[PDB]
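I am attaching a structure below and will ask some questions about it afterwards.
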């Protein structure tokens, strides 16, 4: 368990690790925005 | 947009990152941003595991993959592998997160607003992929950095609180490695020994003294090499066997890192020293030896004369003889007789498994350890059912050793494939026929028939 | 059986050195275009 | 200054004053007067060059330290202390630890070599005090092209240039090495043979016994 | 008074009136002072570390009182006889008023650019050594009190290989 | 077998005889490549100069 | 009330839509996307 | 306080991340608005130092 100070901020930590995967996708969505130039 | 289109470049969108081969600043930005991504994942995952931590269960049952490393470094761990507090892990996570933010900003700045080519404005960070002196200079600088890192690990283990040692007297605990082994022969015996059974090329390091000595040697070698490559220039013999281009360097790195990934995968599956079983769970052979040991003890309690009961095949169902003559556990686990675990060594003599120690001087803690390891073997399923494939799903456990080994073996092979692909393409592009044949200078038509 | 080990150790180092020094002998230059 | 590659040397350090003129002189005490410091037999005449006097200083130190190296190995390895004394094993062959060898040897031989180097520097001063112009490390006759002793030096001026380079470099590197060996032995109470030979061996703790196999 | 003595940490660190006023009337005197202090404290730190592994074998009071036995650290001050340290200081004061050895002359040339940079680096280093002397004395005295009140017992808390 | 072993040489004969094969190769390779110090081509994997 | 669910869905929420918001703004302000 | 202090830090980091990537891209935008970004960076590092000081003291 997190220290008692940050147990309130726990839900952000619940999603933080999966962020990078989304960066990947962003590349794809960015390429889609520019018409796969 | 001049550099960002299949026309200006000749590279499709899917193979779009290849447009950065000759662009120095943007390539640096991409590299830095990617490093920031690595650091961010490290910090985020450490925080995640600290959040989901439960003090009742051992770390290898909670599906944790990073707390084990920091515990092996000697952070918040007590005797026997008990976790005292999880504050240092939280500190490491937050520091990594902040540093990742900084690195990500730097990568974005260098990719977007930074000059495309560093050669014009900063003729110290600019390169050409073709001159050898600057390439070797960069290689030597980073080599010195790696040597300093290896030194830092040695320093941490020797004078910064020490590291966790399973083979420590009185049980596993944090201790200072006062006298590392510095003998070059014993250190390089690992490097130059066979990779087959009973040898364990670099996976078979036993004590922490060998680990510390090997790291001292690696740091010294890396420092010397980094100084040497900075000053010198590639020699004649190496100047005509290597392809000098960016993709060729990438292919070399890919082959090396695939080998390293294979080594780490097999290293997490067999080693007890740098991968204590109290944190990663028992290894493959360790579970089998634990099963044989606990059933031997149980049958001995009933009064059966162990080491005198012939097995169904007449071979001996409790104690056997190894093909080298050593006395080992019987059954199918005779293939794992090379095992050496901290909870089974007390029973081993020069001749092998001592019998007088087994008959009389047995310990309850050994029984508990063997039962726990047998009940938690590195067996599981993709959905983490746990146990044997035919077992019903009530337990929920897959050993972190299995996860690490499988994932890193997969990654290592695909990086070997990357090496093949990139080496072939780099050499073809350097030669000058990576796009087609020619249709007017077809070399097949100029060669003798056959 | 030490003799058999000696002969095999020769054959192996023989062919391995052949490989190593064949690829060191300016192989990238060996190519259709020059 | 390529030795200290990203740095500037003295406002007047030379490149041809001494063979070892790569420019390495960070504090570059060459700048300082480097004269008869505390009346070092002041002459005010030719007086060589203050840099050239520091050069003669480096030459003397490196030559002595070079000989010192061999005197730290051969007592152990080469000749295994051929002390072959008529009697008195101590102060002789027996002390192979160089520090302990000095600890034993009587002041007879100490005064012998002391007077030896004393006559050496007496002749050196006798030359240099008159040998103005190019003091040239107080060369005088010592193996000079005239070769004041046997096999009077028979080489070429280009070979002489390379030989000056050889000597200067070896003297500098040996000045490092003598420090090496001395701090080694003092901080190990041994001789170089001891640590180097157990190093190139396999520790007795692990030997896999022998091939006692059938 | 914005002369040499400033760098990236602060362009003129004087969070008081101290700097302004006595313009070149106390600034030079303070430069003399801070210089002497920082040099001496550098020598102090070198002092503390060097008695820990090496020891000159001289008998301060001949017959007995041999360096090899006197404690390092603050204790030596209690040990060193009042008049003994008086004579030591008297030598130092003669040195300050005679330049006896200690590079009595000779400072090379050092063109004004490199000379200024060296002087600035000197100031910075001696300033740092003042704080180093501070921590050392602190630890020493505190341990002298409750033997390991600080915790880490060995005198030089860093440089663990020494102790 | 499982005796660790530097490389796998167990008998000085085995090492001293795995020696001449590699040295034979070094000699035949040196026969072509000898007295080479310079000739820096400075190009992408050219090594055109022999 | 499983505030955990109402805490874990909406944060996954903000995070998933954020980068696409950056894409919004870049295409709106005629940026060098 | 810590809990709150950080909450803020999270909010200011979100406001910074949503606007830095848009700035850099939009040509020119950067320079013109450099000093406000510097001020917000100093605010960010001050918040981090304040959070660290909280914990320490509180332990």
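In this document, chain identifiers A, B, C, D, E, F, G and H correspond to the written order of the chains, with residue numbering beginning at 1 in each.
Assume a residue touches a chain if its C-beta (ideal position, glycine included) is under 8 Å from a C-beta of that chain, and two chains touch if they have at least 3 such contacts.
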Labels of chains that are neighbours to chain B and to chain F: C, D
Whole-Å gap between the CA centroids of chain A and chain D: 66
Chain B and chain G, separation of their C-alpha mean positions in angstrom: 36
Chain centre separation (chain C, chain F; CA means) in Å: 9
Chain A and chain B, separation of their C-alpha mean positions in angstrom: 27
Where chain C touches two or more other chains, by residue: 24-26, 28-29
For chain E, residues that touch 2 or more chains besides their own: none
In contact (per the touch rule at the top): chain pairs: A-B, A-G, A-H, B-C, B-D, B-F, B-H, C-F, D-E, D-F, G-H
Of all residues in chain B, those that touch chain D in their complex: 181, 183-186
Interface residues, chain E side, partner chain D - complex: 106-111, 114
Chain G residues within the chain A interface of the complex: 4, 7-8, 11-12, 15-16, 19-20, 23, 27, 33
Residue ranges of chain B touching chain H (in the complex, touch as defined): 98, 101, 105, 108-109, 112-113
Residues of chain A defined as touching chain B within the complex: 1-3, 6, 10, 13-14, 16-17, 19-20, 23, 31, 36-37
